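Visitor: Questions regarding the structure given below will be posed in turn.
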Amino acid sequence: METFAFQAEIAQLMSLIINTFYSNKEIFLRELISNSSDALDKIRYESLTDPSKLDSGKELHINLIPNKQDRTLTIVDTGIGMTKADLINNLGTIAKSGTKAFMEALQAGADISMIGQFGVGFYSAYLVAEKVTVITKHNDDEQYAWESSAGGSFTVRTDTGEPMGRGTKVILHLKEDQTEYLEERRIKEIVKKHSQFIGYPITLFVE
Ligand SMILES: O=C1c2ccccc2-c2c1cccc2-c1nc2cnccc2[nH]1
């Protein structure tokens with residue numbers, strides 16, 4: 001396991017998301033489903049030029065998996081996935097520029113719910129999660145786990161868990177007071193409100 005320091009801007013945004021009083025937390029799910037939809041659009045479009053890009057799995061879908069025992073909500077997609085260079089380097093560049101634009105928009109009066117317009121909607125996960133684990137597999141790299149509890153740090157390691165084929169899993173280790181996001185009725189309500197027109201099947205698993 002390798003440990004990395006967040007740069008100052010994204011660290012400040014993570015603190016803002018964790019510390020600011022903001023009741024409309026449910027938008028995290030819309031943001032993660034939108035990210036999954038974008039990752040699925042990316043592999044689908046690349047497959048139109050190279051169909052062998054789907055040799056790692058033809059199915060293009062999004063699954064929402066609650067686990068009350070573990071207190072986790074997992075968003076799984078079979079999208080393009082992320083390489084190690086995406087996790088450490090490329091997304092660090094995006095996190096910096098998107099945070100600077102979002103902070104400029106917030107100081108002006110924008111709402112936390114607009115985070116996805118700045119390309120950093122992933123970070124809305126910290127509205128509900130004390131820790132986020134991202135398991136990912138891109139066709140051109142190995143399976144990796146990125147993880148952070150906001151210490152000013154994150155970790156990256158090769159993942160020895162169940163092999164994924166291709167795509168990303170975002171595991172939300174929920175805060176103690178955010179267990180409503182494990183309830184079937186609550187998840188169904190949020191998906192219907194914010195994500196009813198996503199162009200991939202969204203399966204809400206139950207227990
Ligand atoms: O979906 C996203 C996402 C969306 C937008 C920005 C970053 C991420 C992101 C994501 C998933 C896994 C890791 C990162 C990530 N944030 C970083 C911050 N500083 C250094 C490396 C980093 N890598």
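Starting from 1 in every chain, residues are counted up; chains themselves are A, B, ... following the order of the structure tokens, and ligands are numbered from 1 as listed.
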Which of region 37-170 of chain A counts as strand (DSSP E) under DSSP, as a PyMOL selection string please?
Guide: chain A and resi 62-67+72-77+129-137+144-148+153-158+167-170
Visitor: Export, as a short mmCIF file (atom, residue, chain, number, x, y, z; two decimals), in the first residue's frame, the selected residues with C-alpha atoms.
Guide:
data_model
loop_
_atom_site.label_atom_id
_atom_site.label_comp_id
_atom_site.auth_asym_id
_atom_site.auth_seq_id
_atom_site.Cartn_x
_atom_site.Cartn_y
_atom_site.Cartn_z
CA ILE A 62 -25.00 0.29 -12.69
CA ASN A 63 -25.74 -1.62 -9.47
CA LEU A 64 -26.53 -0.05 -6.06
CA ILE A 65 -25.66 -2.42 -3.21
CA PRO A 66 -26.56 -1.65 0.40
CA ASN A 67 -25.07 -3.71 3.23
CA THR A 72 -21.74 0.38 3.32
CA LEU A 73 -23.47 1.53 0.15
CA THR A 74 -21.62 0.44 -3.01
CA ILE A 75 -22.12 1.96 -6.48
CA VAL A 76 -20.85 -0.52 -9.10
CA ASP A 77 -20.49 0.20 -12.80
CA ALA A 129 -19.22 8.64 4.08
CA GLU A 130 -16.44 8.70 6.66
CA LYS A 131 -14.28 6.59 4.28
CA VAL A 132 -14.50 5.98 0.53
CA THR A 133 -12.92 3.00 -1.19
CA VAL A 134 -12.69 2.91 -4.99
CA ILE A 135 -12.01 -0.47 -6.60
CA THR A 136 -11.29 -0.11 -10.29
CA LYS A 137 -10.15 -2.04 -13.35
CA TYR A 144 -6.51 -1.15 -7.90
CA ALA A 145 -7.98 0.12 -4.67
CA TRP A 146 -7.86 3.87 -3.93
CA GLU A 147 -9.02 4.84 -0.44
CA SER A 148 -9.34 7.88 1.79
CA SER A 153 -3.97 11.55 2.57
CA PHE A 154 -5.16 8.71 0.37
CA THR A 155 -3.78 5.29 -0.41
CA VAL A 156 -3.42 3.21 -3.60
CA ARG A 157 -2.64 -0.52 -3.73
CA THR A 158 -3.14 -3.39 -6.19
CA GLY A 167 -15.26 -0.88 -14.24
CA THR A 168 -15.44 0.82 -10.86
CA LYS A 169 -16.91 0.21 -7.45
CA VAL A 170 -17.33 3.17 -5.07
#
Visitor: Please provide the set of residues having any atom within 10 Å of residue 184 (chain A), restricted to only C-alpha atoms, with same-chain residues fewer than 5 positions apart removed, written as a list in words.
Guide: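 Counting only the stated atoms, we get residues 65, 66, 189, 204, 205, 206 and 207 of chain A.
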Visitor: If you count only C-alpha atoms, which residues fall within 10 Å of region 13-28 of chain A, apart from same-chain ones fewer than 6 positions away, as a CSV table (one decimal) with N, CA and C atoms, in the first residue's frame?
Guide:
chain,number,residue,atom,x,y,z
A,6,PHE,N,-2.9,14.7,-0.3
A,6,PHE,CA,-3.7,15.5,-1.2
A,6,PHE,C,-3.0,16.9,-1.2
A,34,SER,N,-24.2,9.7,-12.0
A,34,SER,CA,-23.8,10.4,-13.2
A,34,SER,C,-22.4,10.1,-13.6
A,95,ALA,N,-8.9,17.2,-9.8
A,95,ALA,CA,-9.4,17.6,-8.5
A,95,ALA,C,-8.9,19.0,-8.2
A,96,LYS,N,-7.7,19.4,-8.6
A,96,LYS,CA,-7.2,20.8,-8.3
A,96,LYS,C,-8.0,21.8,-9.1
A,99,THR,N,-11.8,21.9,-8.1
A,99,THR,CA,-12.0,22.5,-6.8
A,99,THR,C,-11.8,24.0,-6.9
A,100,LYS,N,-10.8,24.5,-7.6
A,100,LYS,CA,-10.6,26.0,-7.6
A,100,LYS,C,-11.9,26.6,-8.3
A,102,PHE,N,-15.0,25.4,-8.3
A,102,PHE,CA,-16.1,25.2,-7.5
A,102,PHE,C,-16.1,26.2,-6.3
A,103,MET,N,-14.9,26.4,-5.7
A,103,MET,CA,-14.7,27.3,-4.5
A,103,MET,C,-15.0,28.7,-5.0
A,111,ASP,N,-24.4,26.7,-4.7
A,111,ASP,CA,-24.8,25.7,-3.7
A,111,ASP,C,-23.9,24.5,-3.8
A,112,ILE,N,-23.7,23.8,-2.7
A,112,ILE,CA,-22.9,22.5,-2.7
A,112,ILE,C,-23.5,21.5,-3.7
A,113,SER,N,-24.9,21.6,-4.0
A,113,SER,CA,-25.5,20.7,-4.9
A,113,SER,C,-25.0,20.8,-6.4
A,114,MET,N,-24.3,21.9,-6.7
A,114,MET,CA,-23.8,22.2,-8.0
A,114,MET,C,-22.5,21.6,-8.3
A,115,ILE,N,-21.9,20.9,-7.3
A,115,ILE,CA,-20.6,20.3,-7.4
A,115,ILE,C,-20.2,19.6,-8.7
A,116,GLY,N,-21.2,18.8,-9.2
A,116,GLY,CA,-21.0,18.0,-10.4
A,116,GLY,C,-20.7,18.9,-11.7
A,120,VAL,N,-16.0,17.5,-10.0
A,120,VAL,CA,-15.6,16.9,-8.7
A,120,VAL,C,-16.7,16.4,-7.9
A,121,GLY,N,-17.8,16.0,-8.6
A,121,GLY,CA,-19.0,15.4,-7.9
A,121,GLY,C,-18.7,14.2,-7.1
A,122,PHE,N,-17.6,13.4,-7.5
A,122,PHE,CA,-17.2,12.3,-6.7
A,122,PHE,C,-17.1,12.6,-5.2
A,123,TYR,N,-16.5,13.8,-4.9
A,123,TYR,CA,-16.3,14.3,-3.6
A,123,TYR,C,-17.5,14.5,-2.7
A,124,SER,N,-18.7,14.6,-3.4
A,124,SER,CA,-19.9,14.6,-2.6
A,124,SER,C,-20.1,13.4,-1.8
A,125,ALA,N,-19.4,12.3,-2.1
A,125,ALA,CA,-19.4,11.1,-1.3
A,125,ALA,C,-19.2,11.4,0.2
A,126,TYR,N,-18.3,12.4,0.5
A,126,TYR,CA,-18.0,12.8,1.9
A,126,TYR,C,-19.1,13.5,2.6
A,127,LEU,N,-20.2,13.7,1.9
A,127,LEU,CA,-21.4,14.2,2.6
A,127,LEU,C,-22.0,13.1,3.5
A,128,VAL,N,-21.8,11.9,3.1
A,128,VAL,CA,-22.4,10.7,3.8
A,128,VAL,C,-21.4,9.7,4.3
A,129,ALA,N,-20.2,9.7,3.8
A,129,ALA,CA,-19.2,8.6,4.1
A,129,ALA,C,-18.1,9.2,4.9
A,130,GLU,N,-17.6,8.4,5.9
A,130,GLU,CA,-16.4,8.7,6.7
A,130,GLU,C,-15.2,8.2,5.9
A,149,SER,N,-10.0,8.5,4.0
A,149,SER,CA,-10.9,8.9,5.1
A,149,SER,C,-10.6,10.4,5.3
A,150,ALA,N,-10.1,11.1,4.3
A,150,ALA,CA,-9.8,12.5,4.4
A,150,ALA,C,-8.6,12.7,5.4
A,151,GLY,N,-7.6,11.9,5.4
A,151,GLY,CA,-6.7,12.5,6.4
A,151,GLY,C,-5.8,13.7,6.0
A,152,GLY,N,-6.0,14.3,4.8
A,152,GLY,CA,-5.0,14.9,4.1
A,152,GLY,C,-4.2,13.9,3.3
A,178,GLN,N,-26.0,8.4,9.0
A,178,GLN,CA,-26.4,8.4,7.6
A,178,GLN,C,-26.9,7.1,7.1
A,180,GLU,N,-29.8,6.0,6.7
A,180,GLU,CA,-31.0,6.0,5.8
A,180,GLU,C,-30.7,5.6,4.4
A,181,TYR,N,-29.4,5.8,4.0
A,181,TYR,CA,-29.0,5.5,2.6
A,181,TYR,C,-28.8,4.0,2.4
A,186,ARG,N,-35.6,4.5,0.7
A,186,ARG,CA,-34.9,5.8,0.5
A,186,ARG,C,-34.1,5.8,-0.7
A,187,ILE,N,-33.4,4.7,-1.0
A,187,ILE,CA,-32.6,4.7,-2.3
A,187,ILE,C,-33.5,4.8,-3.5
A,190,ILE,N,-34.6,8.4,-4.1
A,190,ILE,CA,-33.5,9.2,-4.6
A,190,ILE,C,-33.3,9.0,-6.1
A,191,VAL,N,-33.2,7.7,-6.5
A,191,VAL,CA,-33.0,7.4,-7.9
A,191,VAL,C,-34.1,7.9,-8.7
A,193,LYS,N,-36.1,10.5,-8.1
A,193,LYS,CA,-36.1,11.9,-8.1
A,193,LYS,C,-35.0,12.5,-9.0
A,194,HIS,N,-33.8,11.9,-9.0
A,194,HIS,CA,-32.6,12.5,-9.6
A,194,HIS,C,-32.0,11.8,-10.8
Visitor: Which value, in Å to one decimal, gives the distance between CA of residue 119 (chain A) and CA of residue 173 (chain A)?
Guide: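 According to the coordinates, CA of residue 119 (chain A) and CA of residue 173 (chain A) are separated by 22.2 Å.
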Visitor: Can you tell me which residues surround region 56-61 of chain A at a distance of at most 7 Å, considering only C-alpha atoms, apart from same-chain residues fewer than 4 positions away, and format the answer as a list in words?
Guide: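 Counting only the stated atoms, we get residues 40, 77, 78, 79, 165, 166, 200, 201 and 202 of chain A.
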